[PDB]
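S.K.: Sharing an experimental structure here, sequence included.
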Amino acid sequence: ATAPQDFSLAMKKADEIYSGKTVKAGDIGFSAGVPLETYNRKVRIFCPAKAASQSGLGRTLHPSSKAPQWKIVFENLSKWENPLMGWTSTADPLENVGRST
Amino acid sequence: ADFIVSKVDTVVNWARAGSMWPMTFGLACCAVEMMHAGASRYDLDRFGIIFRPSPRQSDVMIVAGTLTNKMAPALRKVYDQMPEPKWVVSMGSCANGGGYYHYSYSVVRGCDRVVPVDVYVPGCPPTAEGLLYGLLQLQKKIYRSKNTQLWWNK
Amino acid sequence: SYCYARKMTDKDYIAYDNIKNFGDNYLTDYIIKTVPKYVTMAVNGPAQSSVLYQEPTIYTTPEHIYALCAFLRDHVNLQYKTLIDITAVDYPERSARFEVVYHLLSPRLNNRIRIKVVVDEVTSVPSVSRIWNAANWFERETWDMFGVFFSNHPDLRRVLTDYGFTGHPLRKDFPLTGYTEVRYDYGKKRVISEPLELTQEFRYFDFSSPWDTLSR
Amino acid sequence: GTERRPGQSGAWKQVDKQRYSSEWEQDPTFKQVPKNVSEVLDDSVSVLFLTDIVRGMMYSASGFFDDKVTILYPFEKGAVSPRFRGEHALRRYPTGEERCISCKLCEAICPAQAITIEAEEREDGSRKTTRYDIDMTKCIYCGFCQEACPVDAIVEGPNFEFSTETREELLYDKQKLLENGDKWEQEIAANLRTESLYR
Amino acid sequence: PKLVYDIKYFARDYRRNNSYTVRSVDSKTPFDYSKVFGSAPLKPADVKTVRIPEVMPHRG
Amino acid sequence: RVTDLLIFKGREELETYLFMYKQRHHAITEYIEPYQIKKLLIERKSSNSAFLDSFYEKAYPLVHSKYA
Amino acid sequence: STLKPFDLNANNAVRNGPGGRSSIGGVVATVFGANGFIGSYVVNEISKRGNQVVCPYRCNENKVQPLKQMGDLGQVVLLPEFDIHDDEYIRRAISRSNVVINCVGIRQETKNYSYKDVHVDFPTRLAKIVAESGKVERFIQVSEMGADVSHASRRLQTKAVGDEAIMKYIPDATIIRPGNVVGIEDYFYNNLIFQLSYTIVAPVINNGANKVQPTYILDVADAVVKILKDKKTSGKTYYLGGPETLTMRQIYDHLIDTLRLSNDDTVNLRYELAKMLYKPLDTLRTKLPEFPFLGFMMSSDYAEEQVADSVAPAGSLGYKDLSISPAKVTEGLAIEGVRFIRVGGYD
Amino acid sequence: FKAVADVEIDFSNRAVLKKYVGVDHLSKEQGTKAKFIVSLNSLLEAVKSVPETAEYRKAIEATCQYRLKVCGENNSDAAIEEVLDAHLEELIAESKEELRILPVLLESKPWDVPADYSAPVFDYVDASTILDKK
Amino acid sequence: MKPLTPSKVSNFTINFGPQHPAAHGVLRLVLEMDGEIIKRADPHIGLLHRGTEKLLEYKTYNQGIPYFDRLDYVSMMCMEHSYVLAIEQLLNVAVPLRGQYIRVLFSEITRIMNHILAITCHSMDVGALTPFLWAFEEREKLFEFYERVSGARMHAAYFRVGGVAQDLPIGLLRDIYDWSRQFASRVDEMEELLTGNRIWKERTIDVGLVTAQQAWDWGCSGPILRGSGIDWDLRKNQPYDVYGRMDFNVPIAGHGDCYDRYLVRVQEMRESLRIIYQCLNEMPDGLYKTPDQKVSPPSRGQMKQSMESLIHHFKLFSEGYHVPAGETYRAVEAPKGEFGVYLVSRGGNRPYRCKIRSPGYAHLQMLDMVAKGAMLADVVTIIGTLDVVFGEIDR
Ligand SMILES: NC(=O)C1=CN([C@@H]2O[C@H](COP(=O)(O)OP(=O)(O)OC[C@H]3O[C@@H](n4cnc5c(N)ncnc54)[C@H](OP(=O)(O)O)[C@@H]3O)[C@@H](O)[C@H]2O)C=CC1
Ligand code: SF4
Ligand code: SF4
Ligand code: SF4
């Protein structure tokens, strides 16, 4: 809670020096070049709760935690089993991007 | 007549399998292992496999490398220019199933999506002896065919 | 300047003492004092050249990048004749998402410098191709991968991605597998692009520990 | 040798420069004017008689008679070290019990995500896999899975002749991997005994 | 190896013991050119050279 | 600014065809064929509303359908 | 547009996915004659949507190579040794199949197989084998438009007899009856072109009066898909004629125009003369193997089927009932294949 | 360094060396001491446009004075090359390269900043320094 | 009132497709030519773009080493070396001397194989096929050393963070030393056939001329710099391993033409042989990987006997080490030039951004300037001297 006193110092300082120009909502999505049906998907902005198995507070929103913890996640879609090998097949392009990055 | 047709078909199989003119689609890592397989230490020209630069004069095609979405039309175009027998060998994990770039936006998961594949050579890169094993597997596949007997009994 | 071969024997030295000192410890202060308007902040950190030394990183704004680069190349004391690469890093948490990074070499100083320009999706960065001819392809790649527009570029075109690709793949919001897939159709004797289907989905393994502290 | 003639060059503009200017006589790499009659005859016979060509001809003709280096691939096989990473194989204990304990580290370390594992408690009570399949069209044969396994259950065997005629046969499963381990057991065991000394 | 029976990582922990200090630089204070060029050689004899580092750091 | 970026990208799309980066089959696949398919399409005007048709088709409407 | 299910019993349970190559369709299909011109496109349509297709073929690895690419892993099953006279093999082929499509037919006779064998005996035996199973839900048979019991040509007569036998054994079977099919691998335009260019004279039976309704291969393949996606189509015969009806003279003229032939190479080989020139050559065919030099065109059966109007009956089912608009075969993508040869700006 | 030419040439001639390594491409002029003096004095005249109390101008003045001194004690042109670690030709080209950017610096005037300008500087401290000793 | 003078127009916008006697890989090259002379060259790349940089972001640091082996299939060791050096800098890990020696040794070996392939494939593109086959036997001899140390002839993945994957097998140093005793004679055999040959001289002299200013302007490195008169080597100017101890001389040429770069590459092979001999004689004894087990896996007997070693093995083969937040760019003197990795870490077990700096990317950019005024035949030679690898260019 005091200070990381490491590269994060310069990271935050670069954050506060610079800023982004305001644009109308949704305009950047057209610039992105992805299929427009991507934005029809609904978004949940949440912070994961602590796993009950472990007692560490890093993943939680705690003054100890210095990492980004708020995720954008998209709703879960259909999943099936590969007829030949029983692998989990999917057609959702946004399956793991939000959770992972 | 049934004996003569068999002698003819086995002679044709010997001719096709002994003289394989392969065209090498050397995209990536595996092309150098093929280079080594056709080098002095392994003599493919003793086996009768001698590489031909143009598709029209080649009967076997070896896809050795990572197929990309940018290349797949050119791969299909080269394959179509080949004459009728046109056997295709898939070499390497990249060509077989996309391999280590399988979960990529720009990579085709296996040349089988674009062109039919007769023999799959596994490896990253496949050892030269493994490539010769796959070529012998293709030669056995050619030997197995008896086209002239079926023409007689068609 | 240009490290033309001069000494035939006994050039065992990595460089002279004064040249090392001026760049080991006075380089950032010299840059800030000489050209203060261009520089906004400076970071001294682990060295690009070696593990033991330290090289500067300078943060500047997009408007001043061309003049700062021209000063860096042709200043007598600082002769960064080479542009190693141009890169962008996407930080979605920030309002100004993209940090365009310039890496330079001074053969005379035997030193490396890193220049960062922080922009967003709409703003553009002036091209530095007139200063370094190598920039042209690097800026084309940055435009392709991240979508950063470079102003006054001689011909800004995509390089790596497939023809007709509209998305920018290295953006953190772009799916790892993408949106489309390529297949040959027998009916229409053409190779065609289709929406993505995966036989086996990419398996993300969450390995993060609660007890870790290094994550910022 | 390294020395170059004013006439021989690959660029038209350089040929024009050397034909109409004498800066080539200043340059050290070039060959200087003969300055004697005998030197003129020497250069003239060297160029006109293709002397340098014949010198290469003898060295190439040495190729005809020297010992050929080649291997008859079916009859003779190239040397293969114990460390060689080839076709995968699940292993069994000498009692006949599979070494795998479904730790799933090999699936976590797989750079290519070629291993899918799912397990259960067996009726006796052991931790055993109900599924262990490897995609050999996705494998990169790095050997990381052999490094991560704590019980030596998964090893990359010494077999490189495993080409197939259809892609479906290249999707291995637990039974196939166990059969491959049974087939190559003694060779794998010898290779592991040799490798244990180093690591 | 003296690490077999003597285990102390915190003494040998270099990964997590790095930090970043902060300074502020201003244009008002003049740069010290005496440091840069006072130590510079004026004749060939006074030339001093930095030798190439032979090895990179190792724990031994 | 977004308009400028969109115009630049559209100019790139035109230049690909103009400079022969893309091929004849690309033009067939991506523009001409879908337009001709749309003209040749005969469909029965569904009495069921939009909700009912998607309900009959699939559980998750957001997932795309191929070869509809 | 909303994807329509394959109307097969218990399909709703098994089906899952968007309907693409990697999706699961609840259709397992045994397409006899898969390596043929018609069969390959039907296999492509069924397998493209994630379904599994069993393709029995007479041993020929190079001929069945395109079918390998058609589907994902394990979806296209190629059975090596297919014989029309082997019952046990037919039972094995349709063991897991819930739809069976029969595209097996011969344009010409040989010594080994006659019309009566392939077009009559095989349909009856296969019909019995499918009937005894019960798992097979849909049966589709492909026949010519001009097939009739009272037809001079033996091919078109045997085909109609076989269709009647199939209708007798399986009452719910659908008889697809397309016209002359145009495609890249077709035997209509390709044979006409070969006749115009590498033959000394192009004999035209009568003056080309006979009317025909050619259709594009993609249209027939889509019609097959629409048959399988509707259970109400069962037990009905569909005459899949093309959008436009053309006499053979118009088609010959338009091929000459598109190819930019110097002049007209077609000659008038009127009927009652082909019936004397080719009549011995049919007996020649029945005692000799398949020969590329002479075939199909040079037969009395072809002359007999080119003296009648092979057009759809007025009251009949067609593309409109399947909600398909057939594409014109004289323009657009359909005509590209002949167009590539020469257009007068080419070579 | 090692010459890759089989022909035998003398590298102590101090002209065959320059011809071999291709300094003539950089400048066709011989590059004598007087040219270096003229170039430094021309740079000093040029940097007069920059305001007198500008840090850039002070830097250029100091560098030019240092090199004019190095020219002073060293009467040998090769000695100047040894002290400055450069060929005289590239030393002369250096001042012209400095001359090219004076117009670009006079258009934006980087030296103009407010009297409260402050550039934050972040410095890295190595763990090896603290762990071994203090 | 003085007449004006008109000019001429250029056409023939040819497409030079993937072509086998050229630098290996697929090259699509669009050339605008006035007659038989080239006026513009526009290389089309992306035909082997596999999205490597983005794939790295989804993998752990140890899971991403084989990517660098496969970036350049000709020179694997040098490519993975920069990645492991960057991770070591961020992790503050010190490599033991034996592992440093092994890295330098194998880097020189891969340098030699790279130069053999470059020279002999360039000669093949010219049209001489004997040096090519004469070289494969040597390259096989070196691939057998690779297969001995790692079990893979090409994609070894031998270099690891903090050292090497396994120790040198017993008997290896003798075999390498024998290969070294005969290497100089083999190189002399190749050099006699190539050097001094009139057709080779005519084909290569004064083709692809580059000047020192041009090389620095376009960001070129390695043989291109050293063939123009630039005494710049990373192994000497910015040493990264026990290279500083090693005694070798930079090869320098001045013309900048194709012939000069061929001579430079041959001399680089000889210098690498000298460095290998020094490595062999001075090879130390001791640890080959770092003693720290929070960044390197424990040995197998040690994990099977100690609880802490089993914990470290489990957490290193499942989660991996956590790299402190920071950025670094580490470059190595690859055989093709300067190869560098710009690694951005936010403190996790996966790289946030891993930019790969291609030495061949800048050379292919320089192609247009170099191949101005040339002929259709000269393009193959110019491509040969650049020695571009398109998997390396297209990441
Ligand atoms: N113009 C057209 O294309 C039209 C076609 N049709 C009908 O559709 C059917 C097929 O069309 P098409 O595909 O053009 O004909 P093809 O001859 O092109 O396809 C015939 C298929 O039947 C197989 N076959 C033939 N005889 C036998 C046999 N005795 N035993 C086993 N397999 C056999 C062939 O295999 P192999 O290759 O080994 O002989 C081939 O796969 C025919 O009945 C035809 O009348 C309907 C309207 C028009
Ligand atoms: S399979 Fe491996 S060796 Fe072959 S091209 Fe792909 S990455 Fe390279
Ligand atoms: S060798 Fe490597 S890629 Fe193959 S299964 Fe093992 S860990 Fe995965
Ligand atoms: S093979 Fe080894 S690493 Fe993989 S699950 Fe079994 S015991 Fe674990």
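M.R.: Noted; the coordinates are in hand. Numbering: from 1, shown residues only, chains lettered A, B, ... in the order given. Ligands and ions are numbered 1, 2, ... in the order given.
S.K.: Direction included, what does the helix or strand that contains residue I:38 pair against?
M.R.: Using DSSP states H and E, residue I:38 falls within strand I:37-44. Here strand I:37-44 is paired, per DSSP bridges, with strand I:28-34 (antiparallel).
S.K.: And the partner strand, what's buried?
M.R.: Neighbour counts over strand I:28-34 (16 or more other CB atoms under 10 Å in any protein chain shown) mark I:28, I:29, I:30, I:31, I:33 as buried. C-beta: built from backbone N, CA, C; applies to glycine.
S.K.: And stretch G:195-202, by the same measure?
M.R.: Buried residues in stretch G:195-202, counted by 16+ other CB under 10 Å: G:195, G:196, G:202.
S.K.: pretty sure the second one contacts residue G:264?
M.R.: If I follow you right, that is residue G:196. No - between residue G:196 and residue G:264 there is no contact under CB atoms under 8 Å: 9.4 Å.
S.K.: Need the overlap of contacts for the two.
M.R.: Between them, residue G:196 and residue G:264 share these contacting residues under CB atoms under 8 Å, 6 or more residues apart in numbering or on different chains: residue G:256.
S.K.: how about the residues of chain C that lie near chain E?
M.R.: Residues of chain C that fall close to chain E, judged by CB under 8 Å from any CB of the partner chain: C:12-18, C:20-22, C:26, C:28-30, C:32-34, C:36, C:42, C:45, C:50-52, C:213-214.
S.K.: Of these, which belong to helices?
M.R.: Cross-referencing the residues of chain C next to chain E against helices under DSSP state H gives C:17, C:18, C:20, C:21, C:22, C:28, C:29, C:30, C:32, C:33, C:34.
S.K.: Just the buried subset of those residues, written out for ChimeraX, thanks.
M.R.: Of those, the buried ones go into a single ChimeraX selection, burial set by 16+ other CB under 10 Å:
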select /C:17,18,20,21,22,28,29,30,32,33,34
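S.K.: Which single one of the ones in helices among the residues of chain C next to chain E is nearest to residue F:56?
M.R.: Within those, the smallest distance to residue F:56 is 68.2 Å, found for residue C:28 (CB to CB).
S.K.: Not counting sequence-adjacent ones, nearest residue to the closest one?
M.R.: Sequence neighbours aside, residue C:56 is the residue nearest to residue C:28 in space, at 4.4 Å (criterion: CB to CB, 6 or more residues apart in numbering or on different chains).
S.K.: Residue I:276 too?
M.R.: If the residues on either side of it in the chain are set aside, residue I:276 comes closest to residue I:108, at 5.0 Å by CB to CB, 6+ apart.
S.K.: The one you found reaches residue I:278, doesn't it?
M.R.: No - look at residue I:108 against residue I:278 with CB under 8 Å: they stay out of range, at 9.6 Å.
S.K.: Pick out whichever of those two has more residues nearby.
M.R.: residue I:108 (27 against 19; other CB atoms under 10 Å in any protein chain shown).
S.K.: list the contacts for that one?
M.R.: Residue I:108 neighbours (CB under 8 Å, 6+ apart): I:272, I:275, I:276, I:279.
S.K.: Try it again at 10 Å.
M.R.: Residue I:108 makes contacts with I:77-78, I:235, I:243, I:246, I:248, I:268-269, I:271-279, I:335, as judged by CB atoms under 10 Å, 6 or more residues apart in numbering or on different chains.
S.K.: Which of the helices or strands spans it?
M.R.: Judged by DSSP H and E, residue I:108 forms part of helix I:97-126.
S.K.: Which residue is the nearest non-sequential neighbour of the closest residue to chain E within chain H?
M.R.: The nearest approach of chain H to chain E comes at residue H:127, 3.6 Å away (CB to the nearest CB). Distance criterion CB to CB, 6+ apart; nearest residue to residue H:127, sequence neighbours excluded, is residue E:17 at 3.6 Å.
S.K.: Check the gap between the one you found and residue H:128 for me.
M.R.: The gap separating residue E:17 from residue H:128 is 9 Å, by CB to CB, to the nearest Å.
S.K.: ok, now residue B:100?
M.R.: 37 Å.
S.K.: Please apply the same query to residue G:275.
M.R.: For residue G:275, the distance to residue H:128 - CB to CB - is 104 Å.
S.K.: One more: residue I:113?
M.R.: Going from residue I:113 to residue H:128 by CB to CB gives 37 Å.
S.K.: Between these two, tell me which one has more neighbours.
M.R.: Between residue I:113 and residue H:128, counted using other CB under 10 Å, the more crowded position is residue I:113 (24 against 16).
S.K.: For chain B, just list every one of the strands.
M.R.: Per DSSP state E, chain B carries strands over the ranges B:22-26, B:60-64, B:87-91, B:119-121.
S.K.: er, chain A I mean
M.R.: For chain A, the strands defined by DSSP E occupy A:43-46, A:71-74, A:79-81, A:88-90.
S.K.: Can you tell me which of those is packed in deepest?
M.R.: Ranked by mean neighbour count, the strands of chain A are led by strand A:88-90 with a mean of 21 (mean count of other CB atoms under 10 Å in any protein chain shown).
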